[PDB]
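As structure tokens, the structure follows; a few thoughts come after it.
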2 protein chains.
Amino acid sequence: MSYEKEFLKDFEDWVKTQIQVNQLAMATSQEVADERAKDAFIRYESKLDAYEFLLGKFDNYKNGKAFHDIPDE
Amino acid sequence: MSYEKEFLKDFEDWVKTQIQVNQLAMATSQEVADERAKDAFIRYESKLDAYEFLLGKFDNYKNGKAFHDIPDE
């Protein structure tokens, strides 16, 4: 793998890590939710949302598509 | 530019776009904040935080550093 390819791979694994990280924090707080727990849930779910979207962009890469293209489902 | 390099460039411009997008929504709602406006501010600031971090990773790329390395300030 070239430098760009390894960078893109580490990048994707990092995103997958953040998704796991936020899913547990999210599930853990949602458990409780008082403004605190809901604020925390919102914080975490907002991050998950951004990372889930990015996971779609890496799918474009693995498919050879341009970045802006819409992922397959 | 190869495919990987153009992908990494579009990727970075997209992140910069999201930062601008969330900064305005964030500033716009914070203006008001009632649980609604604060929940919205939290949502947006949480996304900004994730994107700001990613901007650091692209700096690593532009510097030739591994993904996991810590950006310069």
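Ligands are numbered from 1 in the order shown, chains are lettered A, B, ... in the order of the structure tokens, and residues start at 1 in each chain.
Within the 7 Å cut-off around residue 19 of chain B, using only C-alpha atoms and omitting residues fewer than 4 positions from it on the same chain, the listed residues are residues 15, 23, 48 and 51 of chain B.
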Counting only C-alpha atoms, chain B residues within 6 Å of chain A, as a PDB file with N, CA, C and O atoms, in the first residue's frame:
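Generated output (part-v8.pdb):
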ATOM      1  N   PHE B   7      -9.380  12.027  -3.802  1.00  0.00           N
ATOM      2  CA  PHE B   7     -10.384  11.625  -2.828  1.00  0.00           C
ATOM      3  C   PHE B   7     -10.106  12.340  -1.497  1.00  0.00           C
ATOM      4  O   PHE B   7     -11.018  12.871  -0.858  1.00  0.00           O
ATOM      5  N   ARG B  43     -26.098  19.671  19.482  1.00  0.00           N
ATOM      6  CA  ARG B  43     -26.001  18.819  18.308  1.00  0.00           C
ATOM      7  C   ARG B  43     -24.949  19.365  17.353  1.00  0.00           C
ATOM      8  O   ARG B  43     -24.040  18.643  16.907  1.00  0.00           O
ATOM      9  N   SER B  46     -21.358  19.534  18.743  1.00  0.00           N
ATOM     10  CA  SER B  46     -20.778  18.205  18.825  1.00  0.00           C
ATOM     11  C   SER B  46     -20.207  17.822  17.462  1.00  0.00           C
ATOM     12  O   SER B  46     -19.135  17.209  17.374  1.00  0.00           O
ATOM     13  N   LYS B  47     -20.924  18.173  16.398  1.00  0.00           N
ATOM     14  CA  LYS B  47     -20.452  17.867  15.054  1.00  0.00           C
ATOM     15  C   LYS B  47     -19.220  18.697  14.732  1.00  0.00           C
ATOM     16  O   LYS B  47     -18.250  18.189  14.183  1.00  0.00           O
ATOM     17  N   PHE B  67      -1.556   8.603  10.230  1.00  0.00           N
ATOM     18  CA  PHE B  67      -2.848   9.108  10.666  1.00  0.00           C
ATOM     19  C   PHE B  67      -2.927   9.360  12.170  1.00  0.00           C
ATOM     20  O   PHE B  67      -3.329  10.444  12.598  1.00  0.00           O
TER      21      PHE B  67
END
Where does DSSP see alpha helix (DSSP H) in chain B, if you list the residues as a short mmCIF file (atom, residue, chain, number, x, y, z; two decimals) with C-alpha atoms, in the first residue's frame?
data_model
loop_
_atom_site.label_atom_id
_atom_site.label_comp_id
_atom_site.auth_asym_id
_atom_site.auth_seq_id
_atom_site.Cartn_x
_atom_site.Cartn_y
_atom_site.Cartn_z
CA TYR B 3 -7.48 8.76 -7.31
CA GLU B 4 -6.48 8.56 -3.63
CA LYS B 5 -5.11 12.10 -3.60
CA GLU B 6 -8.20 13.60 -5.22
CA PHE B 7 -10.38 11.63 -2.83
CA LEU B 8 -8.42 12.99 0.15
CA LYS B 9 -8.75 16.51 -1.21
CA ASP B 10 -12.52 16.34 -1.75
CA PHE B 11 -12.75 14.74 1.67
CA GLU B 12 -10.96 17.69 3.30
CA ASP B 13 -13.03 20.32 1.46
CA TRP B 14 -16.17 18.49 2.57
CA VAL B 15 -15.03 18.65 6.21
CA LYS B 16 -14.26 22.37 5.89
CA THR B 17 -17.76 22.80 4.44
CA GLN B 18 -19.36 20.98 7.39
CA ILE B 19 -17.41 23.16 9.82
CA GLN B 20 -18.82 26.31 8.19
CA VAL B 21 -22.26 24.71 8.06
CA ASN B 22 -22.28 23.82 11.74
CA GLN B 23 -20.63 27.02 12.94
CA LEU B 24 -23.47 29.11 11.51
CA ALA B 25 -26.24 26.79 12.72
CA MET B 26 -24.47 26.68 16.09
CA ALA B 27 -24.08 30.45 16.33
CA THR B 28 -27.64 30.92 15.07
CA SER B 29 -29.22 28.68 17.69
CA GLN B 30 -26.91 29.68 20.56
CA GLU B 31 -28.32 33.10 19.75
CA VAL B 32 -31.68 31.98 21.12
CA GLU B 35 -34.68 23.03 25.55
CA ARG B 36 -34.91 22.96 21.76
CA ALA B 37 -32.36 25.67 21.04
CA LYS B 38 -29.91 24.23 23.55
CA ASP B 39 -30.38 20.71 22.21
CA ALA B 40 -29.73 22.08 18.71
CA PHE B 41 -26.64 24.00 19.84
CA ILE B 42 -25.30 20.82 21.47
CA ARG B 43 -26.00 18.82 18.31
CA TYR B 44 -24.16 21.30 16.12
CA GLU B 45 -21.25 21.96 18.45
CA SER B 46 -20.78 18.20 18.82
CA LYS B 47 -20.45 17.87 15.05
CA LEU B 48 -18.11 20.85 14.84
CA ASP B 49 -15.91 19.21 17.47
CA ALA B 50 -15.65 16.00 15.41
CA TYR B 51 -14.90 17.91 12.21
CA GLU B 52 -12.36 20.18 13.85
CA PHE B 53 -10.51 17.04 14.99
CA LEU B 54 -10.59 15.61 11.46
CA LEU B 55 -9.06 18.84 10.15
CA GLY B 56 -6.10 17.91 12.31
CA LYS B 57 -5.80 14.52 10.60
CA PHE B 58 -5.67 16.13 7.17
CA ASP B 59 -2.80 18.25 8.48
CA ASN B 60 -0.99 15.00 9.27
CA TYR B 61 -1.56 13.96 5.65
CA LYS B 62 -0.30 17.25 4.21
CA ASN B 63 2.76 16.72 6.42
#
